[PDB]
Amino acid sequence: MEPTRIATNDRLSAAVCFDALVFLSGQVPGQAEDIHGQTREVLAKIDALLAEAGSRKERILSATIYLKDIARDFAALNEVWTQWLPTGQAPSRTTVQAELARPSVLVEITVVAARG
């Protein structure tokens, strides 16, 4: 059994599958500048990668949520996050403050999920 990959470049693959596990690269926003829009864009990108890798939102196992300013943006993050999640099926989660690769990025989320 060897890992399979989705959207591979010289630095990373957007997803790596092995056994029944899906490992996603941390996903960053599109063009939104605000925390609400950026969180929507991150979660939408995760949604698509899960689909490509044979998983789905109900089968997320863990998410690390990185916020550039956790005090300022935690409430907005939770608002978009809880609406995005399938009811009653929230994953394990860790939310911490960290600067991301670009200063305009307010939120980045790293997901591990189950294939199925």
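All residue numbers are counted from 1 along the displayed sequence.
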Identify the stretch, either 62-70 or 48-56, whose C-alpha atoms have the larger mean B-factor according to the entry.
48-56
Report the stretch with the higher mean CA temperature factor, choosing between 21-29 and 98-106 on the basis of the entry.
98-106
Considering every modelled residue of the chain and its Cα B-factor in the PDB entry, is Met1 in the lowest, middle or highest third?
highest
Chain-wide C-alpha B factor ranking for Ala90, given as lowest, middle or highest third
middle
